[PDB]
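**Student:** So that we are looking at the same thing, I have put the structure below in structure tokens.
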4 protein chains.
Amino acid sequence: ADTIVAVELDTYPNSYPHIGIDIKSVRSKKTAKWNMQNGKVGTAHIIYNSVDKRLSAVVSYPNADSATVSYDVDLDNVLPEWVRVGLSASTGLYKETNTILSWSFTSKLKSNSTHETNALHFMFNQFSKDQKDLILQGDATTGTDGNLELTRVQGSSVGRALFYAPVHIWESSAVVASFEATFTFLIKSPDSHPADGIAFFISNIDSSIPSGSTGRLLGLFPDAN
Amino acid sequence: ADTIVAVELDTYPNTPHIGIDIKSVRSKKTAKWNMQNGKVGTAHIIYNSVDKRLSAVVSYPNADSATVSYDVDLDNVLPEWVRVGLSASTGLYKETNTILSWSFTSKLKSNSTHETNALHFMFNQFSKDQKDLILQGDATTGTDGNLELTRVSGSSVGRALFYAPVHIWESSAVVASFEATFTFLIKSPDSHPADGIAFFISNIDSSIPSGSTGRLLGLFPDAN
Amino acid sequence: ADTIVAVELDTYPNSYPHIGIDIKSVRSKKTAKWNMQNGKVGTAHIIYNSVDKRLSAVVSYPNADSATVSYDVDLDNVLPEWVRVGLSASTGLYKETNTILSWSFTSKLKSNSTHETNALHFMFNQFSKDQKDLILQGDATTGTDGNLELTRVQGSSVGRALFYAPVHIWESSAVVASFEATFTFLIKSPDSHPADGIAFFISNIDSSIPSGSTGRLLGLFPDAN
Amino acid sequence: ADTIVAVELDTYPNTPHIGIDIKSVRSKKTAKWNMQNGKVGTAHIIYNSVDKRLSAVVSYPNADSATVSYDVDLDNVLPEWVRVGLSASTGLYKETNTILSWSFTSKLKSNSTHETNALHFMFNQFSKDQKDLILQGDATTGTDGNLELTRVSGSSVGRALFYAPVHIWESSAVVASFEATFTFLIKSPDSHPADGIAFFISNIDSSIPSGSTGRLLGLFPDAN
């Protein structure tokens with residue numbers, strides 16, 4: 001199975017819409033109430049550092065309240081050293097979209113050594129149709145008004161975009177490793193109470209959507225069971 | 001008087017450790033520090049308004065690192081606008097408190113989509129006339145392209161502050177965060193020297209209080 | 001007199017609206033045609049580096065054409081080493097505004113020395129009412145919807161905002177010095193053909209608006225004469 | 001075959017200089033280079049679509065710098081998507097082509113308000129398993145935390161490419177710009193060594209052509 005660490009946002013009535021931190025399981029290690037806002041653009045900000053060992057996520061909407069969830073986890077003990085970072089989404093049987101308007105990420109490995117910092121950073125505010133630096137899985141596509149549609153714009157759609165370059169998320173010799181990620185999303189549905197999930201995840205480099213991970217398995221987990 | 005939050009590394013008797021001071025010289029949290037005389041050290045200080053915890057690591061090449069953290073809401077402690085700086089004091093010893101590099105980054109992300117207000121600077125080489133630094137006391141710039149916080153040749157305090165006020169919090173921001181790194185060199189010919197260096201954040205017109213020598217680091221006027 | 005190097009945008013019928021590079025004089029060293037677009041947000045991008053010694057500026061409008069002007073100048077020979085960088089605007093006798101929606105700047109001094117880079121960077125996407133890191137001159141004010149109004153929102157208004165910290169723009173020991181600046185502006189007028197000027201400028205640290213620098217002297221020059 | 005733009009520094013006879021090569025090994029522009037054996041050098045390469053000029057500086061500590069520039073519209077030369085890398089070749093000499101650090105930054109700013117697509121990486125320490133680098137030929141990572149482009153102990157070519165494709169141009173961008181810095185160390189025991197290092201940009205599946213030894217640098221298949 002893949003190793004997944006995910007910060008996910010979902011409305012699946014398994015049980016209000018919530019934001020949750022998932023460490024290797026769909027049974028969230030920590031959750032907080034999130035008030036989904038149909039048709040508004042949301043902003044999710046994920047941050048981690050190895051001195052604190054605290055994975056944290058804030059989701060806010062313009063003019064509305066922020067939902068925040070934090071969880072103590074040492075990712076050294078959870079992930080491979082080299083990973084791929086990406087975005088996932090799964091639709092229930094409703095008409096709705098999962099559009100990502102922008103995605104940026106920064107990883108930093110600071111050594112013991114004076115000024116020895118290794119860093120990766122990418123920022124996408126505009127996705128082209130041939131976004132060669134992204135691995136698109138599922139029903140995910142780019143170029144859609146310069147956006148990335150993660151789910152098919154077909155109920156029970158699942159889609160994922162991973163950044164191409166493997167990311168060195170930790171190292172047995174860094175005094176501080178840290179990453180931060182931010183994406184803006186828009187979830188539009190015609191329906192009153194649509195079931196939908198978006199997640200930012202970190203997995204082994206060769207992760208693939210497990211067979212049958214639709215719905216609240218979010219394109220990441222093969223099973224709750 | 002001035003409002004100070006500081007991460008300080010010192011060896012003063014008054015009974016080596018790294019410590020977090022929130023407004024008083026009586027450290028809210030300290031860890032044991034293994035001062036390596038003549039070796040270059042690096043302090044990394046980090047804070048964000050989601051976790052509300054101030055953390056630091058000091059490391060030396062060969063891997064003795066020390067780290068300390070304190071959960072504090074700096075909105076409730078600091079003014080909205082602050083100046084940031086480096087401070088140091090020597091007891092009666094021949095010693096240096098050299099800063100080879102210092103960099104800082106501050107971000108306020110709004111609830112508004114495409115948020116960010118940011119400030120960042122990086123000093124890897126100090127000039128003799130370093131106009132973007134406010135030098136207080138015995139601090140000087142330029143000696144080897146470095147910053148000397150105390151005077152190089154027995155009781156000397158010095159402080160360097162970045163010129164621009166920094167916006168460290170704003171009421172509607174979804175996350176405020178800052179980060180600071182500085183590499184320092186404390187070189188004493190004496191084996192067990194009394195010395196202290198600190199990264200601090202203060203009201204924008206902080207100046208060295210009367211009597212802030214020794215373990216008060218140029219920061220505090222008393223041991224309250 | 002101050003030393004001014006400015007990239008300015010103006011419609012003063014002295015003589016189409018143009019973008020011009022000004023080195024110490026209001027009599028632009030180089031100009032290009034600019035088609036002012038009332039009520040639209042424009043983006044100006046200024047870049048310089050000391051290897052090329054080419055000061056360049058691009059102004060674009062969403063969906064419209066770009067105006068670009070470039071000029072060979074070695075700023076080592078023009079400016080003091082330490083400067084203040086800022087934004088200026090002057091209105092003719094028309095009703096119109098000069099609103100800056102965002103301003104970001106980056107200066108970098110790279111030494112001969114391995115990894116010896118000094119850098120300053122600031123980004124404002126939101127200006128508060130008490131923007132303590134800006135020196136406001138003239139009729140300039142902040143907090144206006146989180147914007148900076150450079151001119152009074154009074155015909156023959158002049159206003160300027162300078163960043164607080166002196167900037168080390170060059171050095172006799174850097175192998176490459178460079179800066180880049182970007183700001184978004186909105187110029188609204190009710191009038192058909194309003195006369196207005198906006199500039200990004202670099203001056204000595206203690207520059208002030210010269211007495212009587214209204215109109216096409218832009219808050220920078222004391223005289224054409 | 002592969003499309004190459006390269007900034008190369010070499011000492012091959014074939015008659016020291018830094019040069020800009022746009023698709024051929026016959027440099028479009030060269031300047032005189034004063035190779036300092038055993039000293040660490042730093043190459044800085046810069047380009048933006050407004051000026052449409054590719055520029056480079058190589059400096060050594062003690063200030064011999066060399067610089068070269070060429071006015072070229074890289075949209076008309078390069079594919080839209082490229083990979084970037086470092087390349088080196090040794091004649092028959094004992095020598096190293098060590099890379100101590102390499103960093104790159106690419107930006108595409110749209111006409112759209114709040115533009116930016118960006119990529120940046122910074123390597124100051126290479127790992128033995130450096131999965132974000134594609135190593136070709138004799139190049140290896142990890143030796144001292146460094147990248148060795150040719151093999152360290154007579155005719156060796158090696159190239160390192162960053163994994164992710166880079167978007168270096170887009171048709172609606174108001175300015176595309178990139179920047180590259182790398183510090184290198186060429187150490188030969190021999191006084192006048194034949195060697196060449198290059199920063200290059202290629203189609204994303206460039207590989208070492210047959211016969212690209214010596215002055216062809218692992219980049220070109222012939223002297224055309």
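Identifiers in this document derive from the order of the structure tokens: chains are assigned A, B, ..., residues are numbered from 1 separately in each chain, and ligands are numbered from 1 in order of occurrence.
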Go through chain B residue by residue and, counting only C-alpha atoms, keep those with an atom at most 7 Å from chain A; for each kept residue give the shortest atom pair and its distance in Å to one decimal, ordered by chain and increasing number, as a Markdown table.
**Tutor:**
```
| residue | atom | partner | partner_atom | distance |
| --- | --- | --- | --- | --- |
| B:42 | CA | A:114 | CA | 6.7 |
| B:59 | CA | A:112 | CA | 6.2 |
| B:60 | CA | A:112 | CA | 6.7 |
| B:61 | CA | A:112 | CA | 5.8 |
| B:63 | CA | A:112 | CA | 6.5 |
| B:111 | CA | A:62 | CA | 5.4 |
| B:112 | CA | A:62 | CA | 5.2 |
| B:113 | CA | A:62 | CA | 6.8 |
```
**Student:** Kindly save the residues from that selection, with C-alpha atoms included, as an mmCIF file, in the first residue's frame.
**Tutor:**
```cif
data_model
loop_
_atom_site.group_PDB
_atom_site.id
_atom_site.type_symbol
_atom_site.label_atom_id
_atom_site.label_comp_id
_atom_site.auth_asym_id
_atom_site.auth_seq_id
_atom_site.Cartn_x
_atom_site.Cartn_y
_atom_site.Cartn_z
ATOM 1 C CA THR B 42 23.974 28.819 13.735
ATOM 2 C CA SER B 59 23.856 23.756 16.166
ATOM 3 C CA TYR B 60 27.552 23.443 15.818
ATOM 4 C CA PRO B 61 29.375 21.581 12.992
ATOM 5 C CA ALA B 63 26.229 17.920 15.509
ATOM 6 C CA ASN B 111 -8.138 35.748 4.464
ATOM 7 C CA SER B 112 -8.268 37.619 1.097
ATOM 8 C CA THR B 113 -7.382 35.444 -1.830
#
```
**Student:** I want to know what sits within 8 Å of range 31-35 of chain C, based on only C-alpha atoms, with residues of the same chain fewer than 5 positions away left out; could you give that as a VMD selection string?
**Tutor:** chain C and resid 9 16 to 21 67 to 69
**Student:** Write a file of the selected residues as a PDB file, in the first residue's frame, keeping N, CA and C atoms.
**Tutor:**
```
ATOM      1  N   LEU C   9       5.040  56.789 -16.287  1.00  0.00           N
ATOM      2  CA  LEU C   9       3.890  56.548 -17.153  1.00  0.00           C
ATOM      3  C   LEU C   9       3.080  57.824 -17.228  1.00  0.00           C
ATOM      4  N   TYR C  16       1.425  61.712 -27.111  1.00  0.00           N
ATOM      5  CA  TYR C  16       0.515  60.629 -26.780  1.00  0.00           C
ATOM      6  C   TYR C  16       0.824  60.259 -25.333  1.00  0.00           C
ATOM      7  N   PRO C  17      -0.030  59.532 -24.646  1.00  0.00           N
ATOM      8  CA  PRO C  17       0.360  58.838 -23.438  1.00  0.00           C
ATOM      9  C   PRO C  17       1.573  57.975 -23.753  1.00  0.00           C
ATOM     10  N   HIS C  18       2.581  57.990 -22.883  1.00  0.00           N
ATOM     11  CA  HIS C  18       3.769  57.188 -23.085  1.00  0.00           C
ATOM     12  C   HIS C  18       4.293  56.651 -21.786  1.00  0.00           C
ATOM     13  N   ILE C  19       5.164  55.670 -21.918  1.00  0.00           N
ATOM     14  CA  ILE C  19       5.988  55.214 -20.800  1.00  0.00           C
ATOM     15  C   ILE C  19       7.389  55.823 -21.061  1.00  0.00           C
ATOM     16  N   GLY C  20       8.154  56.379 -20.118  1.00  0.00           N
ATOM     17  CA  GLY C  20       9.507  56.883 -20.378  1.00  0.00           C
ATOM     18  C   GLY C  20      10.511  56.532 -19.271  1.00  0.00           C
ATOM     19  N   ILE C  21      11.786  56.420 -19.629  1.00  0.00           N
ATOM     20  CA  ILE C  21      12.848  56.216 -18.664  1.00  0.00           C
ATOM     21  C   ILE C  21      13.481  57.563 -18.506  1.00  0.00           C
ATOM     22  N   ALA C  67       3.539  47.604 -23.455  1.00  0.00           N
ATOM     23  CA  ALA C  67       4.446  48.646 -23.908  1.00  0.00           C
ATOM     24  C   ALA C  67       5.790  48.397 -23.216  1.00  0.00           C
ATOM     25  N   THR C  68       6.939  48.404 -23.872  1.00  0.00           N
ATOM     26  CA  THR C  68       8.222  48.130 -23.239  1.00  0.00           C
ATOM     27  C   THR C  68       9.193  49.218 -23.614  1.00  0.00           C
ATOM     28  N   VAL C  69      10.028  49.643 -22.671  1.00  0.00           N
ATOM     29  CA  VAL C  69      11.047  50.631 -22.955  1.00  0.00           C
ATOM     30  C   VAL C  69      12.271  50.080 -22.228  1.00  0.00           C
TER      31      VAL C  69
END
```
**Student:** Chain B residues within 12 Å of chain D, counting only C-alpha atoms: which ones, as a list in words?
**Tutor:** residues 113, 114, 115 and 116 of chain B
**Student:** For residue 214 in chain B, please output as number ranges by chain all residues within 12 Å (counting only C-alpha atoms; exclusion window: fewer than 5 positions along the same chain).
**Tutor:** B: 10-14, 25, 87-93, 150, 154-158, 193-197, 219-223
**Student:** With a distance cut-off of 8 Å and only C-alpha atoms, select the neighbouring residues of residue 117 in chain B, excluding the residue or stretch itself and same-chain residues fewer than 6 positions from it, and output the selection as a count of residues only.
**Tutor:** 8
**Student:** Fewer than 4 positions away in the same chain doesn't count, so skip those; otherwise give me all residues within 8 Å of residue 97 in chain A, counting only C-alpha atoms, as a CSV table (one decimal) with N, CA, C and O atoms, in the first residue's frame.
**Tutor:**
```csv
chain,number,residue,atom,x,y,z
A,149,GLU,N,-8.7,20.8,-13.4
A,149,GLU,CA,-9.9,20.1,-12.9
A,149,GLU,C,-9.4,18.8,-12.4
A,149,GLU,O,-8.8,18.0,-13.2
A,150,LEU,N,-9.6,18.5,-11.2
A,150,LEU,CA,-9.2,17.3,-10.6
A,150,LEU,C,-10.2,16.2,-10.9
A,150,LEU,O,-9.8,15.0,-11.0
A,151,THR,N,-11.5,16.5,-10.9
A,151,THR,CA,-12.5,15.5,-11.1
A,151,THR,C,-13.1,15.8,-12.4
A,151,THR,O,-13.0,17.0,-12.9
A,152,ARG,N,-13.7,14.8,-13.1
A,152,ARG,CA,-14.4,15.0,-14.4
A,152,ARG,C,-15.5,16.1,-14.3
A,152,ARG,O,-16.5,15.9,-13.5
A,153,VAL,N,-15.4,17.1,-15.1
A,153,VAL,CA,-16.4,18.1,-15.3
A,153,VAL,C,-17.3,17.8,-16.5
A,153,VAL,O,-16.9,17.2,-17.4
A,186,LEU,N,-12.1,25.8,-5.8
A,186,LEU,CA,-13.4,26.2,-5.9
A,186,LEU,C,-14.3,24.9,-6.0
A,186,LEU,O,-14.0,24.1,-6.8
A,187,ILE,N,-15.2,24.7,-5.1
A,187,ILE,CA,-16.1,23.6,-5.2
A,187,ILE,C,-17.5,24.1,-5.5
A,187,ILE,O,-18.2,24.8,-4.7
A,188,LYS,N,-18.0,23.9,-6.7
A,188,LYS,CA,-19.3,24.3,-7.2
A,188,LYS,C,-20.1,23.0,-7.3
A,188,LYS,O,-19.6,22.0,-7.8
A,189,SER,N,-21.4,23.0,-6.9
A,189,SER,CA,-22.3,21.9,-7.1
A,189,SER,C,-23.6,22.6,-7.4
A,189,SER,O,-23.8,23.7,-6.9
```
**Student:** Give the strand (DSSP E or B) residues of range 17-155 of chain A, as assigned by DSSP on the backbone, as a ChimeraX atom specification.
**Tutor:** /A:18-23,30-33,41-49,54-60,67-72,82-91,99-111,117-124,134-138,141-142,148-149
**Student:** Smallest atom-to-atom distance to chain A: which of C:193, C:221, C:117, C:139, using only C-alpha atoms?
**Tutor:**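 Distance minimum relative to chain A lands on C:117.
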**Student:** Fewer than 2 positions away in the same chain doesn't count, so skip those; otherwise give me all residues within 8 Å of residue 32 in chain B, counting only C-alpha atoms, as a PyMOL selection string.
**Tutor:** chain B and resi 16-18+30+34+66
**Student:** Excluding residue 11 in chain A and its own-chain neighbours fewer than 6 positions away, which residues fall within 8 Å of it when counting only C-alpha atoms? Please give them as a PyMOL selection string.
**Tutor:** chain A and resi 17-18+36+194-197
**Student:** Go through A:104, A:72, A:145, A:116 one by one, measure the shortest atom-to-atom distance of each to chain C using only C-alpha atoms, and give the residue with the smallest value.
**Tutor:**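 Ranking A:104, A:72, A:145, A:116 by distance to chain C, first place goes to A:116.
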**Student:** Show me a table, sorted first by chain and then by increasing residue number, of the residues of range 139-164 of chain B having an atom at most 12 Å from range 184-187 of chain B, each with its shortest atom pair and the distance in Å to one decimal, counting only C-alpha atoms and written as a tab-separated table.
**Tutor:**
```
residue	atom	partner	partner_atom	distance
B:146	CA	B:184	CA	9.9
B:147	CA	B:184	CA	9.5
B:148	CA	B:184	CA	9.8
B:149	CA	B:184	CA	10.2
B:150	CA	B:186	CA	10.6
B:152	CA	B:187	CA	10.4
```
